[PDB]
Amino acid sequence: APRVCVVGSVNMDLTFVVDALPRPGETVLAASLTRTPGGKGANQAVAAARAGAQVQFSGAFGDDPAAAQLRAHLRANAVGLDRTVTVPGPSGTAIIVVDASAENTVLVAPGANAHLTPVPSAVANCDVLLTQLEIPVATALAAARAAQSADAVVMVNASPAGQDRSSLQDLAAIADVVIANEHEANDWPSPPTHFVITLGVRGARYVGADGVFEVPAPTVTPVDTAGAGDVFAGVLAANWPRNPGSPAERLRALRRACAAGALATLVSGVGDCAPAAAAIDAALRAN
């Protein structure tokens, strides 16, 4: 089974349903609050594990009750946690407010994610390192350097967008595979060996050492496209060939990631929408 190390963020998502956002100086009561584990790194780790990889997650948890729910989520999804850190203070937290006109207003704090420090021994004997931009760039870069030493593929999800360009140059230079949507790709300083651009409904496109090509996604009727990007990245990591690989093996990985991303749109929420390897196979058979 492929071995994947994910170095990245973990957050509790607090979803409040309200009539309207509170105005300055106002107190509003929510109809409901629902707490769900999330974060790019955690979601990608879960997707990788469900897709068949042996996964180790390195991330930082807070000292709050949220941290125990986040660890429980990962453990229940067969994600290894021996290389994680605990830091005093809140876990990463996202507040999602859904109002009467169905607008989603999102407020994010890094919390413990901002204090994630490298664990190079986590990459030891991994085939792929997968990281994203919701942890300190110095930590992502150090993980990528460790992966380089260990002959593991450096796979970066260039998300979220809007990061300082100069801050990403060293990481861009070291990345083997970069995964980005079209907007995110524009904020990435330089192209990697294998540049994977996700295209929502259209699947993905590739530009790199293997050529230039489109990778279609299966046609589906979406319920909720949230979380599909994290599923794509985790599945891509679970299927990307260990070095030096081949074009056939990378193409297979791409097809599987596109298919898994499509499947993920069929399920509400971000945390439980990752398909199993068997469902991915079936979705591809069905074409």
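Residues carry their position along the shown sequence, with the first being 1.
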Residue range whose averaged C-alpha B-factor is higher in the record, 205-213 or 127-135: 205-213
50-58 set against 238-246, stretch whose average Cα temperature factor tops the other in the entry: 238-246
Largest Cα B-factor, entry values, listed residues 14, 18, 10, 267: 267
Residue of maximum C-alpha B factor among 163, 91, 198, 77, per deposited coordinates: 163
Residue 69 CA temperature factor, ranked by third within the chain: middle
Residue 222, C-alpha B-factor rank within chain (lowest, middle or highest third): highest
Record-listed C-alpha B factor of residue 179: chain third: lowest
For residue 116, the third of its chain into which the C-alpha B factor falls: middle
Chain third (lowest, middle, highest) by recorded CA B-factor, residue given as residue 157: lowest
